[PDB]
Amino acid sequence: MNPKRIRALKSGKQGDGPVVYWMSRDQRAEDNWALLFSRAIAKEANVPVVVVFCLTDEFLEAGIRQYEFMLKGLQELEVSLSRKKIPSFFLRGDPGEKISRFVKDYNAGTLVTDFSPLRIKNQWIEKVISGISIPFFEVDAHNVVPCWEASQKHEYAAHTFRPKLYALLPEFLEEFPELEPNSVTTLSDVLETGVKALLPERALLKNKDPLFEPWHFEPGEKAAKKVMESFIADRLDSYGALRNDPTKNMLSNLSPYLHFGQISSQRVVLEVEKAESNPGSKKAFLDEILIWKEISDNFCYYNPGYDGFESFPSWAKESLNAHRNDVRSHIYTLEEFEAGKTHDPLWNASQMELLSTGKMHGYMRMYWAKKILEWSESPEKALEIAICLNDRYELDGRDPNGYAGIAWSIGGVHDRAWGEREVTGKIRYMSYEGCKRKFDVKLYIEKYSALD
DNA sequence: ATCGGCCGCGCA
DNA sequence: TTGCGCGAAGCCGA
Ligand SMILES: Cc1cc2c(cc1C)N(C[C@H](O)[C@H](O)[C@H](O)COP(=O)(O)OP(=O)(O)OC[C@H]1O[C@@H](n3cnc4c(N)ncnc43)[C@H](O)[C@@H]1O)c1[nH]c(=O)[nH]c(=O)c1N2
């Protein structure tokens, strides 16, 4: 393994016991540098490797759509791990509290977790640290260049981070060895229970049936390898030319799998790299999954206030400030956006794309989040409604890519200042009629007319 | 250091 | 549509 992928969190005396992988972000058995590290420590010490996943009450902030998708990654994940003789364990509480009992109860010798830059991970890791005595390592298994190696500061834009990332790519772009089975030796209720809890929160139509359409993405590692091979085979060619057209389904549709870590961006990079197609389609796509996926981690990692106004750049702050008294063409309430009740049929279309499938089209997500800022009473409230719907309804929500994507839209983070306007100040504008030069907007509204 | 280099619109 | 040149606009890093 490339050692630079490892951070030592807590130093102590290596217990005699097993290596416990605390599985958080990267819920996969293959192409996992974290579990590949745990097994190596279990191997040298001739102790086993084991997985422990912590199911927290944060699922009740989202909905059936995400929770189902995730606890079927997990059922399949466990069949896979047992097949390698690595048993997995599923605790049901506060990680800081619960993971600390596990290591102590089970005489864990060494504890490993994967890397995530979101605030709450830090709260737990710091609680685990103060309650264990065995060593404690962290591994970046979600990025190609470990987040703290690509850059040590917040990067102002993609084109300041782009040299830094490619500087280090030949070293960190590499094949994955093979997860070696152990030598040394309930998820059904958990879902049935979680679901009954979330059942009065489903989005229904006027009729009783749910809004969500569960057949657009199958969850799992197996599914995610076919979404990836499908993209490489059918859409990667057309990607640069049609990535921006909401009527063509020419995206990878990989974001829900990456979010849960059911597939590794590094594998995807490897396979796109090796694959022949339009060299511009490969360049266009590699920038999305290398430069934009990883500066988004860079973002939350250096900006603890990443989901708030205070992390916008200074120019963006001043400008939105001076336009807090400008009169707004419309003001909608959370619940009115929520049910696509604006005058803008394009907006409502895209909101209807969000509610029924769980994945709104890449381009339409920009447009969507800017009209929230233009038609709400203040930036804080627009940031609030946009996080809220993003995380409530996007399969790929509750994710750095989310906070970094909203802050681009509403705040100009990783963007630049544009022609000053009312309400939106110097923040990049996007117009209806600009969409109309770009794609048959009429076809996209026809698609989603379930506003009942 | 001193400057290059990161959507909407008019038009053919 | 479809590409091009332009506009308005602040800031990083050679
Ligand atoms: C308003 C709004 C809200 C969000 C986001 C953007 C915007 C404008 N993003 C990011 C982005 O829109 C999203 O990653 C893409 O729709 C990914 O879909 P595909 O994988 O189908 O795209 P596509 O195949 O074109 O991109 C491939 C991969 O590159 C990365 N990438 C592409 N666009 C990116 C972007 N704008 N920012 C960062 N990485 C990007 C993603 O990992 C994506 O899976 C996000 N993403 C997410 O996973 N969860 C979220 O909740 C949000 N929230």
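Excluded from the calculations below are hydrogen atoms, water molecules and symmetry mates; all remaining heavy atoms, backbone and side chain alike, are included. A, B, ... follow the sequence lines: proteins, then strands. Residue 1 opens every chain.
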Can you check the [X] [atom1] to [N] [atom2] distance for me, whole Å?
X: A:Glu374; N: B:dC7; atom1: CD; atom2: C1'; value: 13 Å
X: A:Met430; N: C:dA8; atom1: CE; atom2: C1'; value: 18 Å
X: A:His414; N: C:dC12; atom1: NE2; atom2: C1'; value: 12 Å
X: A:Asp415; N: B:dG5; atom1: CG; atom2: P; value: 18 Å
X: A:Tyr367; N: B:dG8; atom1: OH; atom2: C1'; value: 13 Å
X: A:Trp408; N: B:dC6; atom1: CH2; atom2: P; value: 16 Å
X: A:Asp440; N: C:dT1; atom1: CG; atom2: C1'; value: 10 Å
X: A:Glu155; N: C:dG13; atom1: CD; atom2: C1'; value: 11 Å

Of the nucleotides [options], which has the atom closest to the [X] side chain?
X: A:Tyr363; options: B:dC7, C:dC11, C:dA9; answer: B:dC7
X: A:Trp418; options: C:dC12, B:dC9, B:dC7; answer: B:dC7
X: A:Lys438; options: B:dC6, B:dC7, B:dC9; answer: B:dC7
X: A:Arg416; options: C:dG13, C:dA8, C:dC12; answer: C:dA8

Q. Parallel under 30°, tilted from 30 to 60°, perpendicular over 60°: which one fits the rings of A:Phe337 and A:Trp347?
A. tilted
Q. Which class fits the ring pair A:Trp148 and A:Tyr301: parallel under 30°, tilted 30 to 60°, perpendicular over 60°?
A. tilted
**Q.** Euclidean distance for P, B:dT2 against C:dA9 (whole angstrom)
**A.** 24 Å
(Q) Between B:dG10 and C:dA8, how far apart are the two P atoms, rounded to whole Å? (A) 13 Å
Would you tell me if any nitrogen or oxygen in the side chain of [X] comes within less than 4.0 Å of OP1 or OP2 on [N]?
X: A:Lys426; N: C:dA8; answer: no
X: A:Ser431; N: B:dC9; answer: yes
X: A:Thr160; N: C:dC12; answer: no

(Q) Should C:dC4 be tagged north or south? The rule is the sign of the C1'-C2'-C3'-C4' torsion. (A) south
Q | Pucker family (sign of torsion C1'-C2'-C3'-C4'), C:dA8 | A | south
Q.
At less than 3.5 Å, do the side-chain atoms of A:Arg437 and the base atoms of B:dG10 form a donor-acceptor pair?
A. yes
(Q) Looking at the base of B:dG8, is there any donor atom on it, or on the side chain of A:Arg421, that sits under 3.5 Å from an acceptor on the other one? (A) no
(Q) Please classify the nucleic acid contact of A:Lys436 as base, sugar-phosphate, or nothing, using heavy-atom distances under 4.0 Å. (A) base
Q: Mind checking A:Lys153 for me? I need base, sugar-phosphate or nothing, with any heavy atom below 4.0 Å counting as a touch.
A: sugar-phosphate
Q) If you round to the nearest 0.5 Å, how far is CE of A:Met360 from CG of A:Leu395? A) 11.5 Å
Do the ring centers of [X] and [Y] come within less than 6.0 Å of each other?
X: A:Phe299; Y: A:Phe161; answer: no
X: A:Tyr448; Y: A:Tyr444; answer: yes
X: A:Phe53; Y: A:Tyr21; answer: no

